[PDB]
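Report on the structure
As a plain string of letters, each chain reads:
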Amino acid sequence: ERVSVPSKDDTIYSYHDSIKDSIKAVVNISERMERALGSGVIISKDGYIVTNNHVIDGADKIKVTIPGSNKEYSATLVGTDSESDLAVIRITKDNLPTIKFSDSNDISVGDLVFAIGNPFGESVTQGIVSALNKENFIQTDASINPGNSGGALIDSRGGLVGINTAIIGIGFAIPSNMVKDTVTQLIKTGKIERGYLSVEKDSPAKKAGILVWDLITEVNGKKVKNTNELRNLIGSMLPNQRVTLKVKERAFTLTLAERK
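Residues numbered from 1 in each chain as written, not as in the entry; some residues may be left out. Part of a larger assembly, values for the part shown. Heavy atoms only, no water. Residues with missing side-chain atoms left out of burial classes, pairs and counts.

The deposited coordinates derive from X-ray crystallography, with the record listing a resolution of 3.70009854828 Å.

A word on the sheet that holds strand β12 (residues 171–175). Sheet strands associate in pairs through backbone hydrogen bonding, adopting either a parallel or an antiparallel arrangement. With respect to topology, six strands assemble into a closed barrel ordered β7-β8-β9-β12-β11-β10, the strand pairing being antiparallel. For this sheet the average axis-to-axis angle between neighbouring strands, irrespective of direction, equals 40 degrees. Alignment of strand β7 (residues 112–117) against strand β10 (residues 152–155), held across four bridges, turns out to be antiparallel. Paired with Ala 115 across the strands is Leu 153, a residue of β10. Across the sheet, helix α3 (residues 176–188) lies against β11 (160–165) and β12, angled at about 50 degrees from β12, the strand it touches most. (Pairing = 2+ DSSP bridges. Helix = DSSP H or I, 4+ residues; strand = E, 2+ residues; numbered from the N terminus. Axes fitted to C-alpha atoms, helices over the stretch in contact; angles between N-to-C directions. Contact = heavy atoms within 4.5 Å.)

On to unusual backbone geometry, then. Of note in this structure, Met 33 is not a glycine but carries a positive phi near 60 degrees. One non-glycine residue with positive phi stands out, namely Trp 213, at about 70 degrees. With respect to the helices and strands, the residue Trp 213 is situated in the loop between α3 and β13 (218–219).

A separate point is the sheet that holds strand β4 (residues 62–64). Read from one edge of the open sheet, six strands run β1-β2-β3-β6-β5-β4, paired in antiparallel fashion. In this open sheet, the two edge strands, each paired with only one partner strand, are β1 (26–28) and β4. Each strand of the sheet is rotated relative to its neighbour by a mean of 40 degrees, with strand direction disregarded. In the packing of α3 onto the sheet, contacts are made with β3 (48–51), β5 (73–81) and β6 (86–91), and the angle to β6 comes to roughly 55 degrees.

Here the focus is the domain arrangement of the protein. Size of an interface, as often reported, equals the accessible area lost when the parts are brought together. For the protein, the domain assignment lists domain 1 (1–103 + 176–192), domain 2 (104–175) and domain 3 (193–260). The straight-line distance from the C-alpha centre of domain 1 to that of domain 2 is 12 Å. With 32 residues of domain 1 in contact, the opposing surface of domain 2 contributes 37 residues. Looking at the side of domain 1 that touches domain 2 residue by residue, the class counts come to 15 nonpolar, 14 polar and three charged. (Domains from an automatic or database assignment. Nonpolar A, V, L, I, M, F, W, Y, C, P; charged D, E, K, R; others polar.)

Before going further, it helps to spend a moment on the pattern of salt bridges. Where charged atoms from two side chains of opposite charge approach closely, those side chains can pair. The salt bridge partner of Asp 94 is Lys 93, with a shortest N-O separation of 3.4 Å. Among the ionic pairs, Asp 155 bridges to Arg 157, the shortest N-O distance being 3.6 Å. (Salt bridge = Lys/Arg side-chain N within 4 Å of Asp/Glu carboxyl O.)

What follows concerns the side chain of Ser 39. Locating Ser 39 in the fold gives a position in strand β2 (residues 39–42). For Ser 39, the side chain forms a polar contact with the main-chain nitrogen of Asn 118, separated by 2.6 Å. Here the side chain of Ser 39 touches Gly 147 through a polar contact of 2.6 Å, landing on its backbone oxygen. (Polar contact = N/O pair within 3.5 Å; in protein donor to acceptor, adjacent residues only side chain to side chain.)

Ring centres 4.7 Å apart and planes at 70 degrees place the aromatic pair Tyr 15 and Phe 114 in the edge-to-face group. Aromatic side chains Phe 137 and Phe 172 sit 5.9 Å apart centroid to centroid with 75 degrees between the ring planes, which places their arrangement in the edge-to-face category. Connected via pairs of aromatic rings, a cluster forms that spans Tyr 13, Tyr 15 and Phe 114. Above the ring of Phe 101, the side-chain terminus of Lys 100 is found at 5.2 Å from the ring centroid. (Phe/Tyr/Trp six-rings, centres within 6.5 Å; stacked < 30°, edge-to-face > 60°. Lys NZ or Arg CZ within 6 Å of the ring centre and 35° of its normal.)

With that settled, the discussion passes to the UniProt feature "active site" (unreviewed entry) in the protein. Here the UniProt feature "active site" (unreviewed entry) sits at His 54, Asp 85 and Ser 149. When you line up the elements, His 54 lands in helix α2 (residues 53–56). Among residues more than four places away in sequence, those in contact with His 54 are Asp 85, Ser 149, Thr 165 and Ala 166. At a separation of 2.6 Å, a polar atom in the side chain of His 54 contacts the side chain of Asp 85. Relative to the elements of secondary structure, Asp 85 occurs in the loop between β5 and β6. (UniProt positions renumbered as here; feature names shortened; annotations may be inferred.)

This paragraph deals with the pairing of β5. Every regular strand shows the same layout, with side chains that alternate between the two sheet faces. Two elements, β4 and β5, share three bridges in a ladder whose sense is antiparallel. Directly across from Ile 62, in β5, lies its bridge partner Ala 75. Where β5 lies against β6, six bridges are found, and the strand directions are antiparallel. Across the sheet, residue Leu 77 finds its bridge partner in β6, namely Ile 89.

It is worth spelling out the pairing of β6 at this point. Sheet topology places β3 next to β6; four bridges connect them, and they run antiparallel. Bridged to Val 50 within β6 is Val 88. In this antiparallel pair of consecutive strands, β5 and β6, the connection spans four residues, and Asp 85 shows a positive phi of 45 degrees.

Printed below as a string of C-alpha cells:
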C-alpha cells in the first residue's frame, strides 16, 4: 500500500537541487517592461546560446539577460535555421554556465524533464517526456510556453534533453541532439546547410531537371507518401548533393536554401 514522498518536515521534494544547475544555463533574450522574446540556453561555456529561431525572428536588436543579476548582454545571431526552429546567439561574456549532454536518443516517454525558461527571473515547468518523433520532437508535459520556449528542457540530472519550442496540454522541445547537431552546425556553418529542389516553381529541379507529373513518390530511392515528408528528406540532402527518383523518374543536382 501507499508508497513514497519524503516523510519528515526536514526538507521536501524540491527538484531545485538538480534543476538550478541548468536553470543558471537558461537565459532571457529580450516584471513590467517585459518585451522579452523568450528564452535561450547558454550552450558554450565561452558565449554561444541556443534558442528557437521563432524567439529571434523579426527582432531588430537582441539583449540577453543572464541568471547572474539582470545585466542585459547584447547578442549577435550566430545562425537561424527556422526549419529546425533553432538559433544561436553569442554574448561577449565569461565562462558562462554550459548546457549538457542529454542524449535525445537516451531519453524516453516518462523521463522526468523540466522546461526551464527565463521570461525576464528563472521559470521551470515540470513534466515528463510525453512523446518522441522521428519532425524530430520531444513532446513533453512540462508547460512549454513562449516564455519557456528556447530555454532548456532538462532530464532530472539537469541535462538538456530539449530546447523548448512554443507553438499554435502538450508541449514540444527540440531534442538535445538535434540541437547539438544544428547548434554545432550553426557555430560552424552560417546557417544549417540543407538543399532545395504536389510541386512548384524554382530552379534546382529546373536548373538541373524539369519535374513532370507533379508528385515525386520517392526521393533518391526513399518512398515519400506524406506531403512535406520530402521537405525533410530533401532538406536532409546537403545542398550541392544530387537527388534521384522523380515520378517514371529522373535525378537532380540541388542547391542551397533560403531566408524563410
